[PDB]
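> Structure provided below as structure tokens; questions to follow.
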Amino acid sequence: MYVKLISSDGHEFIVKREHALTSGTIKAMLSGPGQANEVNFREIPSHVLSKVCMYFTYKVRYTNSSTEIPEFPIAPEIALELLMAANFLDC
Amino acid sequence: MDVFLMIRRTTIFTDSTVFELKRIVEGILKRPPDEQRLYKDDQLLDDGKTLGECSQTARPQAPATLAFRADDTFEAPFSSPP
Amino acid sequence: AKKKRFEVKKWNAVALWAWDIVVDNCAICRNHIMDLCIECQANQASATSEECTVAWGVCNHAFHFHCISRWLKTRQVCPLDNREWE
Amino acid sequence: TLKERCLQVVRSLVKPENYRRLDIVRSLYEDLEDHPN
Amino acid sequence: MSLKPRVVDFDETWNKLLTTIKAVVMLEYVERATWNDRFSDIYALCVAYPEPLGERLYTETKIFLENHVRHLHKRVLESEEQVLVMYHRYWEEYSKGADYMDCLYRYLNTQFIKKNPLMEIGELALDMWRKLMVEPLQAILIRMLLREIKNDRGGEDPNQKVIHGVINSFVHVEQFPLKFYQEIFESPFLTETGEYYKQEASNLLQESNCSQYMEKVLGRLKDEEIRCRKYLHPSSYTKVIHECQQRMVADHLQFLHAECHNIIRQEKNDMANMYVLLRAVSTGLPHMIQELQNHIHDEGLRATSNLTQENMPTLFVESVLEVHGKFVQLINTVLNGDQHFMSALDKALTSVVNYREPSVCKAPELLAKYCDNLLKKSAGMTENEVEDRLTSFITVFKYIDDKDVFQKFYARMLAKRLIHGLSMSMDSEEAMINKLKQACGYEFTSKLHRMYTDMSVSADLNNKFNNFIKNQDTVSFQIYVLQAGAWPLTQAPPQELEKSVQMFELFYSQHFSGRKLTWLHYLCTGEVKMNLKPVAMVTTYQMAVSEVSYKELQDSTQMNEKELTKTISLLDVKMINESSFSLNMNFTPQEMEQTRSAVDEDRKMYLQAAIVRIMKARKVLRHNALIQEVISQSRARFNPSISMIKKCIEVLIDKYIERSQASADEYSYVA
Ligand SMILES: [Zn+2]
Ligand SMILES: [Zn+2]
Ligand SMILES: [Zn+2]
């Protein structure tokens, strides 16, 4: 019903499990046997995981809806790291 | 009214008055609302006014913004690569 | 009572109605003048449910209209009297 | 998708002659040269 | 470290990662955090040396798969004939771990889909399970598995969980998914249960009675389906039973078909099971249906035969209706049916209602006197019921072969029933013609219809003459007038009396354009009741005067002695009564005999109409081919005499038809 997502910098990110089930890797993590829910990450920094989560919220909320679809701002120095963790999370 | 937030201390992603908002905060954190205050960087949010009055100022892909109470009355940043 | 009185009260009768010929069934074909002819009793098409088409002739012999009409096309002479019929 | 659209945002600020030297991800620079418009 | 590409050791992540793999296998306990670490411990491997390296992880993983499969092959081989038990714990301790490993290698394959033999690690692990089953186990196990199904009769029950896991374990592995299941298991089980039910088919058939055999095999099938649903996959439910019903039934069907003759001539359950079993057979039903037809022919004919000399059509109608009710109860009750059996009933009773004694066939006339008899006054029965009895009569009418003579007779039935005020209800006698009309059509009930209308037209017409009577200067009877083509009644051939007909007849000449009326005298009444209130039969016989004898006034007025001599009837009944005749002191076979010909000429007219109707639409026919189509057309009127159609042709070639030369039969049409 609710899962946690921890970054390597220490910032926690609690959100419902289905909001985290978007990326195949995380739905493969909660599929981990044991019962297991709380999840951590020892290689993804916070300034990247925050952007990944803010990316989740949009296309979880706004998809196939009725509105003019805007663009997506990405910082020109984290875009490398955001691209890397984007390759990691299979999303 | 249909607004996303960035309530921080921990950053939880959830989504009508301020009291029911403190219920949503109480969802997993499991603490009564009388132990929580809400500030917008310079101000105090009252419970007598609704959420829409206190919006669509926070897009869903980058929304914006919690001072707990220790005894009785409420008291008391990401990285950057080179 | 009386023996020979015989007062004649209520009478009754019954009678058929046909057209002004004998007829022996409109000799052109061998059906009755008031019963459907060959093309109509066989055609199974539209027709009046009680009198298809009774056609009197000026020669004072009445036939079915389209019997004496088809016969009228193939040969103008009247069948019964070898003259011109109408 | 976050991966492919971050690729698209990066390709707007990286020369086509620097798709291998950036050393972003060694299983990804083989994809920096496969995504036209 | 960070997610930046770091060249990491090859055993550091491989020890804890490997032990984590072995912990996921068999559903052993794995920690909530190490599982959260393995994805990093694989992404770090698949990136930086400074080249991808998943090709190693795939091969090593396949090696561990092989070693594990062979270990459980030595454990499974150790199990003496219980290879399926440790094999059940093996698969049920292997599937969830396999899927969890497939989820554990997501990034291993998302950068590997662009490079594919034997990708999809999950499909490859299940491929290794296939490498466990291709072993002589596939020869052993099924032999050891069917042995637990071979114990079918009284050999129950093992764990449906274990065997259902073993058999269900075959339809799980595929990139034609049912191929392995069909080849390895479905053919041997199929043919072996085929042998089983052949052997036990002959074993049961030697043991039991016929009805006991059918009861037993029905129970056996009802159990067999539940068994197949306990053990097998649904993809064979239709097939497996199809073998069973093919060997226990339809493999001996001569026997069942032989006992059918007996069983359908017993009103007694065994016959219901007979239908049930014969129905699922290639050819099971036809003999049974045939025998029900013959049965109903026999019992029916038997009912309609017991009434000879008893001069009752009511018993004949009620008897045929009795049979029909009997067998409709039968067929609807026990046979889940039907339409075939119902049609057999219809054919049988079709042949019952037509007698061929030397007459002939005595059915239509009786079915005319049933209506005429059931419509008279009889001052008796009760209405609101006569229409019910006619509603029953609709069927016995339905089966008549010759509706022709039924029509021609009911015409005179209705004629005498109207022209002499014999009917009981105009509103009802109309509804009868409504019944005949909704049974045959417009052509069949036309003369009847306007034959019924001439009574209303005659009433209104009588009113109009009542007005025209006193409508001039200065100035007692009522008349029926008839359309003269719809009425079979004839004149049957004396001078005007008190007169008064012409003072009335000028009305019918002025009201209609050119209608010629002819007066019928055969059916005219008078005024009865001498004065001496309480028989009084005087309607015809218009003589009305000494007192004089019969042969002493042979010199009557102008009238012929054809029917006059038969009516001189008044000196016979009451009022005149050769020696001495004193005044009173107080108060159809031959018709039908010569009626039998109008049916003949009406058939000639009807078949003539068929000849023209057919020869116009289609252009030319050979002499044979026009016939069988005249027959096809006039089917429901009567069976026409081929002796009549040919002469009818030879009559119509004198009027509409021409024929040139008979080398090949040929008949053309002329306008
Ligand atoms: Zn006509
Ligand atoms: Zn003429
Ligand atoms: Zn004519």
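The chains in the structure tokens are called A, B, ... from first to last as shown; in each chain the residues are counted from 1, and the ligands are counted from 1 in the order shown.
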Might you pull out every residue within 9 Å of region 13-19 of chain A, with only C-alpha atoms counted and same-chain residues fewer than 6 positions away left off, and present them as a PyMOL selection string?
(chain A and resi 1-7+27+30+37-38+49-50+53+56-57+60) or (chain B and resi 10-14+28)
> Can you tell me which residues surround residue 58 (chain C) at a distance of at most 10 Å, considering only C-alpha atoms, apart from same-chain residues fewer than 5 positions away, and format the answer as a PyMOL selection string?
chain C and resi 84-86
> Quick check, in Å to one decimal: how far apart do CA of residue 353 (chain E) and CA of residue 306 (chain E) lie?
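It comes out at 13.5 Å.
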> Could you pull the residues within 12 Å of residue 72 (chain B), counting only C-alpha atoms, minus those fewer than 4 positions along the same chain, as a list in words?
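The filter keeps residues 34, 35, 36, 37 and 68 of chain B.
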> Those residues with C-alpha atoms, as a CSV table (one decimal), in the first residue's frame please?

```csv
chain,number,residue,atom,x,y,z
B,34,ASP,CA,-2.5,19.1,16.3
B,35,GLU,CA,1.2,18.2,16.4
B,36,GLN,CA,1.9,19.6,12.9
B,37,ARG,CA,2.3,23.2,11.5
B,68,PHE,CA,6.2,19.0,13.8
```
> Might you pull out every residue within 10 Å of residue 2 (chain B), with only C-alpha atoms counted and same-chain residues fewer than 6 positions away left off, and present them as number ranges by chain?
B: 15-16, 51-52, 55-56, 58
> Next, the residues of the selection above should be written as an mmCIF file, in the first residue's frame with C-alpha atoms.

```cif
data_model
loop_
_atom_site.group_PDB
_atom_site.id
_atom_site.type_symbol
_atom_site.label_atom_id
_atom_site.label_comp_id
_atom_site.auth_asym_id
_atom_site.auth_seq_id
_atom_site.Cartn_x
_atom_site.Cartn_y
_atom_site.Cartn_z
ATOM 1 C CA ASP B 15 -2.220 14.673 -2.915
ATOM 2 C CA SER B 16 -10.706 20.031 0.881
ATOM 3 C CA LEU B 51 -6.781 24.456 0.303
ATOM 4 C CA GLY B 52 -7.902 26.273 -2.844
ATOM 5 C CA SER B 55 -4.534 27.035 -7.342
ATOM 6 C CA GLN B 56 -2.694 25.141 -10.123
ATOM 7 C CA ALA B 58 2.463 23.468 -8.940
#
```
> Give the residues of chain D that lie within 10 Å of chain E; count only C-alpha atoms, and format the answer as a PyMOL selection string.
chain D and resi 23-28+31
